[PDB]
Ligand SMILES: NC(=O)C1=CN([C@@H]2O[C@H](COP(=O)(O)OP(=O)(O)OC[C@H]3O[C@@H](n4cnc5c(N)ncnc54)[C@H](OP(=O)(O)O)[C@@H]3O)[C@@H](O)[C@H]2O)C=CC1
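Only one chain comes next, encoded as structure tokens, the form deposited without the ligand.
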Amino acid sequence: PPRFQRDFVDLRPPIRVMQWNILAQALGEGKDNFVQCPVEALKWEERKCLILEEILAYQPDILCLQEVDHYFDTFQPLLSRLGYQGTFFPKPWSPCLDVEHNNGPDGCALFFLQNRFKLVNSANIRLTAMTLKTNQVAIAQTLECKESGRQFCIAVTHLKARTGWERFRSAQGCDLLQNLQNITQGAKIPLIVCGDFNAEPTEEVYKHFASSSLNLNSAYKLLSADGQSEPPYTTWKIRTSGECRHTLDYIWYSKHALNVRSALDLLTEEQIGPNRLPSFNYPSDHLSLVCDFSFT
């Protein structure tokens, strides 16, 4: 398992944030076409256990998830027993509903440790594209640290997928930024944004986040030598369409208000295996991103 191989890179009451597209069960079996992954490795009982194990390994204070189609039967009750408050917001027209024997819609989930934070406000945002209501969503919550009293905003999203939706993703991202501008009262409140943006760093939506007056940096850039380059991948798998290896996942943070203390490194080509992800020992086609933050 990758959790025995991946290390925290030392980059400096810390707040640990975990970002993960966990792979919806209905999509893994019905839409993704993982041609080199054993079908037995895609079974829900096996996947469920590995996803929980990942969360237990990294002990996050905040967990931001995409492609969650087992929130009500699994993640909400189990994480509640471990002290996490959860919020779930489904895609209005989830692709999971196209799959036989699905478990309902997928969507975003946001969990936080109740004993660490008080919930100040919350918003379930249906993203718009130049006012067009889209099929993608975000959750944004303002939390208050119970030890320091410091407030901050955490948001999670999953943007429109696939080639041909670059301008659409850009419009979505712009709407999200506008919403966060309002919630954080014009960057008065520190911000962390987790997501599968379905976009590599060359896309306009990435450039919008990097140039926003919210003054956001991308945390996993700090793994690079000069701190100026995004990782080579956050997802790596083989589909009927071909092998996909790219960077689509990000943790954005207020550069002037938050410091990154650590980041969980990626797997090497040798460690990940020729058949890539998911596998018998890893439940998603995306690696989890995990960072420790501290207030400046």
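A residue's number is simply how far along the shown sequence it sits, counting from 1.
Participant: Please determine whether residue 232 lacks coordinates in at least a third of the other PDB entries of this protein that model its flanking residues.
Facilitator: No, residue 232 has coordinates in all the other entries compared.
Participant: For residue 44, record whether it is unmodelled in at least a third of the other compared entries of this protein.
Facilitator: It is not, since residue 44 is included in all of the other entries that model both flanking stretches.
Participant: Per the entry, where is the mean C-alpha temperature factor higher: 59-67 or 238-246?
Facilitator: Higher of the two, by average CA B-factor, is 238-246.
Participant: Taking the recorded C-alpha temperature factors, which stretch has the higher mean, 249-257 or 37-45?
Facilitator: It is 37-45.
Participant: At the C-alpha atoms, which of 105, 186, 195, 83 reaches the highest B-factor in this entry?
Facilitator: So the option with the highest C-alpha B-factor is 186.
Participant: Check the PDB entry and point out which of 135, 131, 122, 170 has the largest C-alpha temperature factor.
Facilitator: The C-alpha B-factor peaks, among 135, 131, 122, 170, at 131.
Participant: Should residue 99 be placed in the lowest, middle or highest third of its chain by the C-alpha B factor in the entry?
Facilitator: It falls in the top third of the chain.
Participant: Rank-wise, by C-alpha B-factor, drop residue 92 into the lowest, middle or highest third of its chain.
Facilitator: Within its chain, residue 92 is a middle-third residue by C-alpha B-factor, going by the deposited values.
Participant: Check where residue 51 lands among this chain's C-alpha B-factors and tell me if it's the lowest, middle or highest third.
Facilitator: Lowest third - that is where residue 51 ends up once the chain's C-alpha B-factors are sorted.
Participant: Sorting by Cα B-factor within the chain, modelled residues only, which third would residue 115 end up in: lowest, middle or highest?
Facilitator: Middle third - that is where residue 115 ends up once the chain's C-alpha B-factors are sorted.
Participant: Of the three thirds of its chain by CA temperature factor, lowest, middle or highest, which one includes residue 162?
Facilitator: Answer is middle: the recorded C-alpha B-factor places it there.
Keep in mind that the form solved in complex with the ligand is not shown, yet the notes after this line are about it.
Participant: Which one, 267-275, 25-33, 224-232, 48-56, holds residues whose non-hydrogen atoms are within 4.5 Å of the ligand in the bound PDB entry?
Facilitator: Selected stretch: 25-33.
Participant: Counting only non-hydrogen atoms and a 4.5 angstroms cut-off, does residue 21 reach the ligand in the bound PDB entry?
Facilitator: Yes, residue 21 lies within 4.5 Å of the ligand in the bound PDB entry.
Participant: Would residue 215 sit within 4.5 Å of the ligand in the bound PDB entry, counting heavy atoms only?
Facilitator: Result no; residue 215 lies far from the ligand in the bound PDB entry.
Participant: Looking at the partner-bound form in the bound PDB entry, is residue 98 within 4.5 Å of the ligand by any heavy atom?
Facilitator: Yes, residue 98 sits close enough to the ligand in the bound PDB entry that at least one of its heavy atoms falls within 4.5 Å.
Participant: Quick one: does residue 161 come within 4.5 Å of the ligand in the bound PDB entry, counting heavy atoms only?
Facilitator: Flag for residue 161 set to yes.
Participant: Which one of 43, 255, 245, 239 is close to the ligand in the bound PDB entry, taking close to mean a heavy atom within 4.5 Å?
Facilitator: Checked against the cut-off, the match is 239.
Participant: Out of 179, 114, 80, 135, which one falls within 4.5 Å of the ligand in the bound PDB entry, going by heavy atoms?
Facilitator: It is 135.
Participant: Heavy atoms within 4.5 Å of the ligand in the bound PDB entry is the criterion; list the residues of 73-93 that meet it.
Facilitator: The stretch touches the partner through 91, 93.
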